[PDB]
Amino acid sequence: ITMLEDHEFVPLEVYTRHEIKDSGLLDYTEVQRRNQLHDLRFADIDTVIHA
Amino acid sequence: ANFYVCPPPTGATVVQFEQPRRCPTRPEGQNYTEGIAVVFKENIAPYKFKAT
């Protein structure tokens with residue numbers, strides 16, 4: 001008679017939530033972030049010209 | 001709380017002990033082949049590259 005040896009079940013999953021989220025071609029959050037930061041980056045949103 | 005009377009037995013009924021039964025044998029066991037392995041999964045991740 002021999003004891004059943006202890007076993008450690010390491011965490012394991014075929015696809016993590018991060019890669020599941022990244023599976024989609026376009027993510028609305030990042031796309032909108034880039035599109036709405038486009039004005040702030042490639043243009044001045046504070047300088048005012050009056051003449 | 002019971003009592004019994006056993007008459008002197010005759011040769012009418014004869015009994016025998018069972019012969020030693022053939023003990024079952026251990027299975028040969030799962031013939032295991034060791035070796036390295038690399039499990040592959042379907043590439044759901046897109047093909048990313050830098051574009052300008």
# chains A, B, ... in the order shown; residues from 1 in each chain; ligands from 1
$ interface_residues --of "chain A" --to "chain B" --cutoff "7 Å" --atoms "only C-alpha atoms" --output "short mmCIF file (atom, residue, chain, number, x, y, z; two decimals) with N, CA and C atoms, in the first residue's frame"
data_model
loop_
_atom_site.label_atom_id
_atom_site.label_comp_id
_atom_site.auth_asym_id
_atom_site.auth_seq_id
_atom_site.Cartn_x
_atom_site.Cartn_y
_atom_site.Cartn_z
N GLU A 19 -5.41 38.19 -23.96
CA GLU A 19 -5.31 37.81 -25.37
C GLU A 19 -6.68 37.60 -25.99
N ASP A 22 -7.54 41.03 -26.93
CA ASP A 22 -6.70 41.44 -28.04
C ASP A 22 -6.97 40.67 -29.32
N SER A 23 -7.78 39.60 -29.26
CA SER A 23 -8.08 38.83 -30.46
C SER A 23 -8.82 39.67 -31.50
#
$ atom_distance --atom1 "atom CA of residue 39 of chain B" --atom2 "atom CA of residue 20 of chain A"
18.7 Å
$ select_by_dssp --residues "chain A" --states "alpha helix (DSSP H)" --output "list in words"
residues 17, 18, 19, 20, 21, 22, 23, 28, 29, 30, 31, 32, 33, 34, 35, 36, 37, 38, 39, 40, 41 and 42 of chain A
$ atom_distance --atom1 "atom CA of residue 2 of chain A" --atom2 "atom CA of residue 36 of chain B"
28.4 Å
